[PDB]
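Nothing in this text is a laboratory measurement; each read-out follows from the coordinates by a stated rule. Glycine also receives a Cβ, built like all others from the backbone with ideal geometry; neighbour counts cover every protein chain displayed.
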Amino acid sequence: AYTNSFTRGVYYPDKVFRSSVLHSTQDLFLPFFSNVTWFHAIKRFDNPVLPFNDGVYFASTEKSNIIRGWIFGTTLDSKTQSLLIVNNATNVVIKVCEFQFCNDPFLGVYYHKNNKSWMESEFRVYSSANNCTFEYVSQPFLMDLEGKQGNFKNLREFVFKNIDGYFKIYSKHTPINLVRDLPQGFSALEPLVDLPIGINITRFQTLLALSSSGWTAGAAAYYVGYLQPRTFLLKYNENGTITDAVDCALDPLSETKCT
Amino acid sequence: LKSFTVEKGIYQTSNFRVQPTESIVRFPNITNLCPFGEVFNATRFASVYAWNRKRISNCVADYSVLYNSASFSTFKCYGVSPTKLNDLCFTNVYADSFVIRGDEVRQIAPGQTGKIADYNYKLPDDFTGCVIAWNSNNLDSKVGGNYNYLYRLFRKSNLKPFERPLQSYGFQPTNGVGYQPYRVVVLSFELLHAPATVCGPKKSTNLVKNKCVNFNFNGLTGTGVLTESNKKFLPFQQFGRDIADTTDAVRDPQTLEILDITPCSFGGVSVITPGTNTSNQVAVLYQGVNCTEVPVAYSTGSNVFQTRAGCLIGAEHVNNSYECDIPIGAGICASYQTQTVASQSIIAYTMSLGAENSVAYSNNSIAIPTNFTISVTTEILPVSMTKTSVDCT
Amino acid sequence: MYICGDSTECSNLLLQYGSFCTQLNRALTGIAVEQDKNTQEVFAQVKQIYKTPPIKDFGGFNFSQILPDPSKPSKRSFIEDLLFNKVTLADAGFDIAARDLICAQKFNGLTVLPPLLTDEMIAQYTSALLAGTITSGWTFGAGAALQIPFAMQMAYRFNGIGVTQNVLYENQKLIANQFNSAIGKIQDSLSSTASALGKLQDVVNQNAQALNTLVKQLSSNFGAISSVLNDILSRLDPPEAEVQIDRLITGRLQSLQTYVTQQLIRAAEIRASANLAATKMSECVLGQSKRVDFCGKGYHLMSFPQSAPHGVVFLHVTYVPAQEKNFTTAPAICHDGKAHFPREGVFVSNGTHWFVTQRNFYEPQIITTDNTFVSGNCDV
Amino acid sequence: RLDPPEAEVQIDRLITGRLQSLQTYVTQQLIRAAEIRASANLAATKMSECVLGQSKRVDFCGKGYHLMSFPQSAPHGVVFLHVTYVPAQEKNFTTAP
Amino acid sequence: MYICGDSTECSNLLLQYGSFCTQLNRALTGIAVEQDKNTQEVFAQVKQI
Ligand SMILES: *[C@@H]1O[C@H](CO)[C@@H](O[C@@H]2O[C@H](CO)[C@@H](O[C@@H]3O[C@H](CO[C@H]4O[C@H](CO)[C@@H](O)[C@H](O)[C@@H]4O)[C@@H](O)[C@H](O[C@H]4O[C@H](CO)[C@@H](O)[C@H](O)[C@@H]4O)[C@@H]3O)[C@H](O)[C@H]2NC(C)=O)[C@H](O)[C@H]1NC(C)=O
Ligand SMILES: *[C@@H]1O[C@H](CO)[C@@H](O[C@@H]2O[C@H](CO)[C@@H](O[C@@H]3O[C@H](CO[C@H]4O[C@H](CO)[C@@H](O)[C@H](O)[C@@H]4O)[C@@H](O)[C@H](O)[C@@H]3O)[C@H](O)[C@H]2NC(C)=O)[C@H](O)[C@H]1NC(C)=O
Ligand SMILES: *[C@@H]1O[C@H](CO)[C@@H](O[C@@H]2O[C@H](CO)[C@@H](O[C@@H]3O[C@H](CO[C@H]4O[C@H](CO)[C@@H](O)[C@H](O)[C@@H]4O)[C@@H](O)[C@H](O)[C@@H]3O)[C@H](O)[C@H]2NC(C)=O)[C@H](O)[C@H]1NC(C)=O
Ligand SMILES: *[C@@H]1O[C@H](CO)[C@@H](O[C@@H]2O[C@H](CO)[C@@H](O[C@@H]3O[C@H](CO)[C@@H](O)[C@H](O)[C@@H]3O)[C@H](O)[C@H]2NC(C)=O)[C@H](O)[C@H]1NC(C)=O
Ligand SMILES: *[C@@H]1O[C@H](CO)[C@@H](O[C@@H]2O[C@H](CO)[C@@H](O[C@@H]3O[C@H](CO)[C@@H](O)[C@H](O)[C@@H]3O)[C@H](O)[C@H]2NC(C)=O)[C@H](O)[C@H]1NC(C)=O
Ligand SMILES: *[C@@H]1O[C@H](CO)[C@@H](O[C@@H]2O[C@H](CO)[C@@H](O[C@@H]3O[C@H](CO)[C@@H](O)[C@H](O)[C@@H]3O)[C@H](O)[C@H]2NC(C)=O)[C@H](O)[C@H]1NC(C)=O
Ligand SMILES: *[C@@H]1O[C@H](CO[C@@H]2O[C@@H](C)[C@@H](O)[C@@H](O)[C@@H]2O)[C@@H](O[C@@H]2O[C@H](CO)[C@@H](O)[C@H](O)[C@H]2NC(C)=O)[C@H](O)[C@H]1NC(C)=O
Ligand SMILES: *[C@@H]1O[C@H](CO)[C@@H](O[C@@H]2O[C@H](CO)[C@@H](O)[C@H](O)[C@H]2NC(C)=O)[C@H](O)[C@H]1NC(C)=O
Ligand SMILES: *[C@@H]1O[C@H](CO)[C@@H](O[C@@H]2O[C@H](CO)[C@@H](O)[C@H](O)[C@H]2NC(C)=O)[C@H](O)[C@H]1NC(C)=O
Ligand SMILES: *[C@@H]1O[C@H](CO)[C@@H](O[C@@H]2O[C@H](CO)[C@@H](O)[C@H](O)[C@H]2NC(C)=O)[C@H](O)[C@H]1NC(C)=O
Ligand SMILES: *[C@@H]1O[C@H](CO)[C@@H](O[C@@H]2O[C@H](CO)[C@@H](O)[C@H](O)[C@H]2NC(C)=O)[C@H](O)[C@H]1NC(C)=O
Ligand SMILES: *[C@@H]1O[C@H](CO)[C@@H](O[C@@H]2O[C@H](CO)[C@@H](O)[C@H](O)[C@H]2NC(C)=O)[C@H](O)[C@H]1NC(C)=O
Ligand SMILES: *[C@@H]1O[C@H](CO)[C@@H](O)[C@H](O)[C@H]1NC(C)=O
Ligand SMILES: *[C@@H]1O[C@H](CO)[C@@H](O)[C@H](O)[C@H]1NC(C)=O
Ligand SMILES: *[C@@H]1O[C@H](CO)[C@@H](O)[C@H](O)[C@H]1NC(C)=O
């Protein structure tokens, strides 16, 4: 579905503190009110190799880390070094190696559906680490992955960028109130991790962890917006938190505001 | 003024700026240390023709503990120097560790004769990688002789340089110089493959406050006065900029605290003098500076009068009120007058707008002049200035 | 300092150009001296500091909202305080600074010199002018101040605009009420609206923006590898770093020259405005002006100055005719073959009878030999 | 000292510097000329209104009540001798409207 | 447009010179507005035809 973001995709373009300043930056951003593809995190396995056109905005309304991690590279066949950001319920294992990628690298656990148990049909997410150049595992933390349906409060908005060989990940855990399509609001994304990997990324792919007769499709979806070189006018409050932004090319009124 | 006589007035002179007292450098802690210790203290290396290669990257390749150690016999850098090693950043460093007979150490030199050289590990003429060789006779010498390091590298098939003489009887503790086993490690590194991620350790100095110093925070260099700040940076923010996009706050990398930055005090210096012929006495004004700092750059003083326009030196302060003579600013004027008698000196005062007057206005009172005076006054106005034609060419 | 902040090599390179810095400093110093001279010329126009008597028996007129208020620490009037509050700075303290100038521009060799006359002194000058006016008419502008009751002063002004003083002496209470109401309306308008002081606000904003742009220009490469002198020096050897430093020096010198030229032109404009303000003070406050539309719209009666940040405010009091009646007029009158013309006034008729009246206020009177002078005969 | 192929750099540097100096001088002269023109217009008005006639404008032709003025040429300027009437001795009386 | 008329490379090079173009545009716009102000002040002196 061709969903449209409203004011999401705003992240701190740098590490500078500004108070009560209307700074204007010319950096990669998600254009306001832009068509963002809507997928079905489910026989029908939605998991393609979507293009990575100089940045990607990833958002989702999943819980317990349904979408584990991501794959980056240009060949994605172990012929060229490829990043593997495969996350689990404990910690991320960010790893750049010429890892061999299976055609269907997804855990496939039919957990708590009929048998009321956690069973692992196969473990083909990993195929082989034939050749590697760098790896980094973070601390074994524990995110709020515990099963709590209630009302979704995990809008794990993400932004991935690759400039001058540096891989940047901006993220922010913004709780929401409506389980329906992306909500209305404003929330800047703080930087999370930076890496001097330096490889060339042309495509990217998502990873999932979840026979065809009467299969109850999983209820989860993730959006994939695209960044684009644009000029924004960011408002910093007294505490130096971006409270509002203006897309200086959205419409004549916004252009005047920026001017 | 390029003159030997100066007229009454106040003249600007060389600007005054407080110089930095000391240089302060702050950097994050050096924690990610490369596996140099394990690479150089391995129990045993592979064969000379099967030298083991270990990639060293994403760390600090400190050499202080390396060079200073006296346990080494030979260590030469043919492309770099230990002095500049710390101040150089490497993209990636590879360590090739192997054990060879003492004689082969000569062959290890780049561009040296001996087919063994290019059979096992050839060194190209442009190899800048540092090489470390240290005697390990006891470690690598067996009682009966270590024959694993066979030296039959005369294979019929030719092995070209970087394609990818059985004079040793047995390594014994009695082996003389040149024949004992030697532990050789090569510090081969490359560039133009990835963003730089290997750099030498960076020193750190102590922190000082309320003193004009030359700071350097994570490569952010500048001069100013560091002061404890009440600002609240976010965890990921380092610097603090102003409306004019000028740095004004900083976060100390070691201790996560926010320090304000204030430019070192500075301002113009003005000399207040009456006519040269009248006298040679003068008084100086340090514009926009309090003279708790003036003596840094008449140092003794004996007359300091803090005014809103800067501290005044050499002028007596009197709370009479006269017509302004030499303007100073913020409602202060200077003049040359006697009285205490004699000792004609320069005085400072708050200028007087004029004699107070109170008209005797009343409901039914009028004052009518009974006499007049004819007054003639002169007014001057420029009308033109000298013509001037210039031949540009 | 601006071009080569703390860089001996950059200073040595700047020595090549040499006297440009001296030229710029001379121009800016001239501008500052001009500013002080402008304020002096506009305000310092009284040889003595007159002060109003304690008893404010001004014939029913009420000046409480323009005379000084001793209660406040700064002896400013109600309206002067209103103006000072309305005009607000943009960048930071110019001022009320109890410390360093405390501005962003201070980081780069930019300093703001305080004005020679403090706001308290400007207010004192304004108070002197106002008290001298209300207590002695226009006489204090020509010589020693001579007292005169305010009602009589207003009668003189009315005579000046061509209305007989009996009009004022008979409508004194109404005129006083109207004047007080007008003053109150002015106070309310200033208190409520915010675009009244557009000119002063624009001056302040222009200066702040000019300084801000000047400081912002320090972050431009101007074709060099980087905009940080220390960065260039540490990253390049001197023989080539001299080229980059020269590029930066050229760029920053051009920025300074542009700023100084803009300041010179703006100072010319401000000097023109200050000369106009001084002329208005001299001709409307110190006296009564016959020039049309100069001191306000309508027939001028008087004016009162009020000091505002970086400017002055005049409260022009003017006389405006209100209600008109249609009449029939004749240039002259024939009595006995002689043509009688009005001495001062005009002949009017309400429809059946003829009268002679002053031209600016309907006060009919019998046509007698005192109001008219004979000249010639009828037929001409 | 240098040959034609290599003297253009030096000549260009000198040309740039001297042209900048000339432009600065000309702009300064233009601004000064505008100021002098304002002053000269004021002087012409003062002549027309104080010498050729009697002025009622206060403090225009000198302090006090203006009577007459006399012009006197000066180098690159003019000098006016404003003759004015000034009340001197005031005796205060009771008055009624 | 005047300096780098229809040239992305020239525009990118010019962007390194700061706010010179913005200052020039502001100056010319100020002059243009002041012209209308002059005509208004001179002629529109009576609000009744
Ligand atoms: C233009 O203006 C003139 C003057 O106002 C008008 O002419 C009239 O003149 C008289 C005064 O002379 C005005 O008031 C009247 O006074 C009378 C006494 O004065 C003598 O003259 C009038 C006529 O002028 C004679 O009629 C009169 O007999 C006298 O010999 C009064 O007698 C009049 O009537 C009553 O007046 C008062 C009340 O106000 C009573 O107490 C009296 O007892 C008397 O009964 C009158 O008062 C008169 O107003 C004028 N008329 C007008 C219309 O104004 C012109 O007429 C006027 N033209 C126009 C078109 O208005
Ligand atoms: C001349 O014009 C002035 C402005 O109109 C007049 O000042 C007004 O005078 C009246 C009373 O005479 C005030 O009404 C009072 O307001 C106070 C407000 O608290 C304080 O401020 C007033 C200001 O005058 C002061 O009078 C009070 O005593 C207090 O100190 C109320 O508390 C009272 O109850 C009463 O309402 C007006 O506030 C005051 N200003 C205005 C805008 O009206 C002045 O009286 C005139 N002088 C004359 C006619 O001689
Ligand atoms: C010339 O212009 C003057 C100002 O416009 C006029 O003075 C006004 O004349 C009226 C009538 O005499 C006065 O009103 C009188 O006094 C009070 C005022 O309060 C009332 O005000 C208006 C009328 O003005 C009324 O509609 C309100 O409801 C109030 O009740 C009241 O007791 C009466 O209205 C009474 O008529 C005005 O006060 C007065 N204004 C001023 C500032 O003095 C004058 O009449 C005009 N004509 C002439 C020949 O002078
Ligand atoms: C971020 O911006 C806000 C608004 O400018 C700053 O105001 C502070 O916000 C906090 C709310 O958490 C206030 O604390 C609260 O105070 C009330 C009243 O005392 C108390 O009842 C609550 O329990 C809570 O403690 C705080 O008073 C208020 N002012 C200050 C000086 O903190 C806020 O400071 C900024 N936060 C930063 C820079 O971290
Ligand atoms: C293998 O391990 C031994 C220690 O058991 C090393 O002996 C070292 O010899 C050098 C002097 O030649 C000294 O190094 C020292 O390092 C430590 C920090 O690790 C510190 O005391 C000084 O910085 C000093 O430089 C010291 O005598 C000793 N080092 C230690 C830790 O005991 C031997 O050098 C190692 N051989 C390798 C890595 O090839
Ligand atoms: C670089 O190394 C230091 C060393 O840990 C890191 O911070 C340090 O944390 C210790 C915690 O014990 C601080 O010691 C403190 O001593 C005071 C003495 O009164 C005591 O009251 C505290 O409870 C604490 O024990 C130590 O002062 C502190 N030093 C610094 C420079 O922060 C530091 O975070 C590391 N910085 C980086 C960029 O890695
Ligand atoms: C002003 O004159 C008085 C004396 O003259 C009287 O007041 C004038 C205002 C005017 O109305 C004259 O016609 C009066 O005859 C001077 O001082 C006065 O002295 C007398 C005698 O002691 C006394 O009755 C008054 O109260 C005094 N009034 C004042 C104001 O002093 C006064 O010196 C003259 N000059 C000034 C500036 O007031
Ligand atoms: C996700 O990452 C965690 C923690 O790193 C994994 O737990 C260990 O991870 C390291 C490195 O991947 C392995 O060497 C260990 O064998 C792991 N041990 C165990 C008991 O898991 C964890 O396995 C990963 N996956 C999940 C679902 O937690
Ligand atoms: C992949 O395996 C090969 C060794 O079989 C190595 O790749 C070398 O990496 C270095 C550094 O980039 C290059 O200089 C060599 O040219 C590479 N050789 C070959 C044959 O590719 C390394 O062990 C692994 N590198 C990666 C990216 O996986
Ligand atoms: C992906 O990017 C890399 C470089 O980022 C390309 O490899 C070469 O990199 C050097 C320096 O960056 C360039 O000078 C070469 O021109 C690059 N090679 C080519 C053919 O352009 C690499 O080519 C890019 N494409 C892929 C599939 O990796
Ligand atoms: C100004 O008058 C004051 C009188 O107070 C003098 O200033 C101080 O006055 C008190 C005593 O009354 C003492 O602090 C000193 O006698 C004075 N201190 C200083 C620094 O002057 C002062 O003598 C007079 N002259 C000035 C201020 O210039
Ligand atoms: C120069 O040094 C003196 C030292 O006292 C400063 O005096 C301070 O003035 C401010 C303004 O009111 C006060 O807040 C301080 O308490 C005063 N004492 C100190 C120690 O600062 C003076 O202000 C300084 N001049 C400046 C900053 O311009
Ligand atoms: C964006 O989405 C809306 C509706 O989803 C659609 O009408 C519009 O054509 C889309 N824009 C583009 C460029 O596809
Ligand atoms: C439940 O267990 C059976 C095997 O006993 C398996 O065939 C089936 O796929 C499982 N279903 C789910 C939802 O786990
Ligand atoms: C001013 O200087 C001249 C030359 O020295 C001297 O003749 C004259 O007396 C001086 N006037 C003074 C000190 O008043």
What does the charge dipole of the stretch B:262-393 about its Cα centre add up to, to the nearest 20 debye, if the Cβ of each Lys and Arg holds +1 and the Cβ of each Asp and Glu holds -1? 60
Let me check I've understood the local charge: for B:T378, count other residues with C-beta under 13 angstrom from its C-beta, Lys and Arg +1, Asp and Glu -1. What total comes out? +1
Going residue by residue through the stretch C:151-157, the Karplus relation 6.51 cos²θ - 1.76 cosθ + 1.60 with θ = phi - 60° gives ³J(HN,Hα) values, rounded to whole Hz and with x marking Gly or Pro, of 4, 5, 4, 4, 4, 4, 4
Pairs to check: A:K235/C:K199; A:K95/B:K142; A:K257/C:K199; A:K153/A:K235. Give those whose C-alpha atoms are more than 31 Å from each other in this structure. A:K95/B:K142
Note down the nm distance, to one decimal, between modelled labels 7 Å out along Cα→Cβ at B:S343 and at C:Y156. 5.1
The ³J(HN,Hα) series, computed from each phi in the stretch C:181-186 with the Karplus coefficients 6.51, -1.76 and 1.60 at θ = phi - 60°, rounded to the nearest Hz and given as x for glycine or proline, is 4, 5, 4, x, 5, 4
Charges only on Cβ, +1 for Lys and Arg, -1 for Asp and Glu: so what's the dipole of chain B about the Cα centre, in debye to the nearest 20? 2540
Given backbone amide H placed at 1.01 Å from N, residues whose amide H is under 5 Å from that of A:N87, ignoring those fewer than 5 places away on the same chain, are A:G69, A:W70
How shielded is D:75-81 by partner chains, expressed as the average number of their Cβ atoms within 10 Å of its Cβ atoms? 5
Under 17 Å Cα-Cα from C:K216, which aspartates and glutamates qualify once same-chain neighbours fewer than 8 residues away are excluded? B:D242, B:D245, B:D248, C:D91
Amide hydrogen neighbours beyond the local backbone of A:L50, cut-off 5 Å, H modeled: A:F204, A:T206
Per-residue mean of C-beta atoms belonging to partner chains within 10 Å, peptide D:22-32: 4
Among C:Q206, C:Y299, C:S234, pick out the residue whose Cα is farthest towards the positive end of the charge dipole of the stretch C:205-305, where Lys and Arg carry +1 and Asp and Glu carry -1 on C-beta, about the Cα centre. C:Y299
Between the stretch C:350-378 and the stretch C:140-191, what's the alpha-carbon centroid distance in Å? 29
Simple SL model, points at 7 angstrom along Cα→Cβ for B:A109 and B:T247; separation in nm is 4.8
Can you compute the charge dipole magnitude of the protein assembly as shown about its Cα centre, using +1 on each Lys and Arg Cβ and -1 on each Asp and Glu Cβ, nothing else charged? Give it in debye, rounded to the nearest 20. 1900
Listing A:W215, A:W118 by rising number of other beta-carbon atoms within 10 angstrom, fewest first, gives A:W118, A:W215
As I understand it, the dipole of the stretch B:165-241 uses +1 on the Cβ of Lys and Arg and -1 on the Cβ of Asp and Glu, about the Cα centre. Which of B:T223, B:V185, B:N175 lies farthest toward its positive end? B:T223
Return the subset of C:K185/D:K56; C:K75/C:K290; C:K297/D:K56; C:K75/C:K280; A:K161/B:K84; C:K290/E:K47 for which the Cα-Cα distance in this structure is over 26 Å, preserving the input order. C:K185/D:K56; C:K75/C:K290; A:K161/B:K84
Given the peptides A:200-208, C:233-241, arrange them by the average over their residues of other C-beta atoms within 10 Å, most packed first. A:200-208, C:233-241
Label-point separation (nm) for E:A27 and B:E38, each offset 7 Å from Cα along Cα-to-Cβ? 6.6
Counting only other chains, what is the mean number of Cβ atoms within 10 angstrom of the Cβ of each residue in peptide C:99-107? 5
Under 5 Å, built H, 5+ apart or other chain: amide partners of B:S362: C:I148
Expressed in Å to one decimal, the Kirkwood Rh of the protein assembly as shown from all distinct alpha-carbon pairs is 39.3
Förster-model FRET efficiency, 35 Å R0, B:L1 and D:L81, C-beta, rounded to 0.05: 0.50
Based only on Cα atoms, what Rg/Rh ratio does chain C have, Rh being taken as Kirkwood's radius? 1.19
Highest mean first, what order results for A:98-105, A:153-160 on Cβ atoms within 10 Å? A:153-160, A:98-105
With B:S321 itself left out, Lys, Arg at +1 and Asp, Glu at -1 over residues whose Cβ is under 14 Å from its Cβ give -4
Among C:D119, B:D391, B:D248, which comes first, then next, by fewest other beta-carbon atoms within 10 Å? B:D391, C:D119, B:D248
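Under 23 Å between C-alpha atoms is the cut-off here; go through the stretch B:180-315 and count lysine pairs that meet it, provided they're at least eight residues apart or on different chains.
So the count works out to 5.
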A correct Karplus calculation of ³J(HN,Hα) over the stretch B:48-64, with 6.51 cos²θ - 1.76 cosθ + 1.60, θ = phi - 60°, whole Hz and x for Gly and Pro, returns 4, 7, 10, 4, 7, 10, 10, 7, 10, 7, 6, 5, 10, 8, 4, 10, 4
Taking the dipole of the stretch C:31-184 about the Cα centre (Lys, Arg +1; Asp, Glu -1; charges at Cβ), the one of C:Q178, C:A155, C:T126 that reaches farthest to the positive side is C:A155
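What is the extension gain from B:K142 to B:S157, computed as 0.36 nm multiplied by their sequence separation minus the C-alpha to C-alpha distance, in nm to one decimal? Don't skip to the answer; put the middle values down first.
Details: separation 15, 0.36 × 15 = 5.40 nm, distance 3.16 nm.
Contour length minus Cα-Cα distance gives 2.2 nm.
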What is the Å³ per residue value for the convex hull set by the Cα atoms of the stretch C:233-380? 228
Angle between the Cα long axis of helix D:4-46 and the longest principal axis of chain D, 0 to 90 degrees, nearest 10? 10
Using a 10 Å cut-off around each Cβ, can you sort B:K202, B:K84 from fewest to most neighbouring Cβ atoms? B:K84, B:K202
Students often check this: by mean Cβ neighbours within 10 Å, which of B:347-354, D:86-93, C:264-271, D:59-66 ranks highest, and how do the rest follow? D:59-66, B:347-354, C:264-271, D:86-93
Express in whole angstrom the spacing between the alpha-carbon centres of the stretch B:320-355 and the stretch E:11-47. 47
